[PDB]
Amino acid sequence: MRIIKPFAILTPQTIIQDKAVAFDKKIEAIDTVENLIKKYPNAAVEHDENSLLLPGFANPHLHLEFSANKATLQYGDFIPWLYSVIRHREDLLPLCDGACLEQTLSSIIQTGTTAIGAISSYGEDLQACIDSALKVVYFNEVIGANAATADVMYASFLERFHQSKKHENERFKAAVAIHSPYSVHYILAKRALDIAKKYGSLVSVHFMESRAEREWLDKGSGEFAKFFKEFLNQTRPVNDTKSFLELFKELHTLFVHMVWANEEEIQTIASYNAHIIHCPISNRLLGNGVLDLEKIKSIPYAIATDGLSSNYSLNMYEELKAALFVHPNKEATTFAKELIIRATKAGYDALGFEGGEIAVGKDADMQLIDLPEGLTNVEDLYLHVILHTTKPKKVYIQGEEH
């Protein structure tokens, strides 16, 4: 058992001062040191009077296999990005070898993230993910818009799913991802989702990431038409949007991006066991705009970084700074608090892990960070944490310091 007394605790929902945290694997008590040592005389006390304790972040959406990308893929516009992925992935993917994967995951921890949602298209990231101390939801992604080759795509997905499933434990979950409504034909999607139903697996889907997707699904026109004509020899979207969305009705689903989702889709998703995953940097850099947080207010959201295929870092502090800036008309002190909650508790909820909150009974998944100096107004703490922090002093996963 250990006790840490910081300047303040961000729970994340509240700011607690004049209390410490007793923990082992889980958070056991939150009280004054005076009271804690009565209960835990065996716990050494660390006084960190110029530090803050907050939960470890969740990052519920990242494409680890693309972690060698720096400037190879094309930014600025979604369809050119997708062409660039198709062009470069055969070389880019193997460039992220075991050492690259291992280092990338270690750096996630070092920047204060303690739980991730890994989107895996090819499965060669499995060993690195099971080796990591992180909590991981390992989403086995399926893709395939041609009904005639669904069998091959399904068989690969199924094999990857079962390869991951043997490694399940309290910190590692095997899951299912559907690439998108434009790239996964209905029947193949349903087959993959039936595996999720059978096992109670979490599900992720990219939904309405781009305006091109919006127009293609709605009208069978727009910039995606040339892409489907050239790349897939298809003249029309293979899916009816509403029918596709209904496939997710009985599952726990992460709807990623969601920038271009419409009011009807939002009402439907609000009725589901669903979370939106907001990836502000990726959306802005790919010419996809900015998710409107009023429009989606009926559905809980969490923050993620996406992969290094459409981001310059996997550091949640960088993501949170960008989030402040792409929602520039949200008053900063209150929005910073919202952001910290949505990067910790909300993402843990999306991933289904017992953490993201400094509360009794939660796993001791925590960050110890420096207190911004000269703080006048304690309610400004959330904002100053985002602005001034880039690396925690200590990061704990189930009480173990990394």
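Throughout, we count residues from 1 along the sequence that is shown.
| Is the mean CA B factor in the deposited entry higher across 228-236 or across 68-76? | If you average the C-alpha B-factors of 228-236 and of 68-76, the larger mean comes out for 228-236.
| field | Mean temperature factor over C-alpha atoms, higher-scoring stretch between 164-172 and 254-262 | value | Taking the mean C-alpha B-factor of 164-172 and of 254-262, the larger value falls to 164-172.
| field | Criterion, highest CA B-factor; candidates, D48, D365, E338, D31 | value | Across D48, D365, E338, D31, the entry lists the biggest C-alpha B-factor for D48.
| task | Going by the CA temperature factor in the entry, name the top one among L293, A302, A155, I119. | result | That would be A155.
| field | Lowest, middle or highest third - CA B-factor, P181 | value | Middle third.
| Cα B factor band for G356 (lowest, middle or highest third within the chain) | It belongs to the middle third of the chain when residues are ordered by C-alpha B-factor.
| task | Please place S313 in the lowest, middle or highest third of its chain by C-alpha B factor as given in the entry. | result | Its C-alpha B-factor, which the entry lists for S313, ranks in the middle third among residues of this chain.
| message | What third of the chain does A350 rank in for C-alpha temperature factor, lowest, middle or highest? | response | Its C-alpha B-factor belongs to the middle third of this chain's values.
| Lowest, middle or highest third of the chain for the C-alpha temperature factor of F207? | Tercile = lowest for this residue's CA B-factor.
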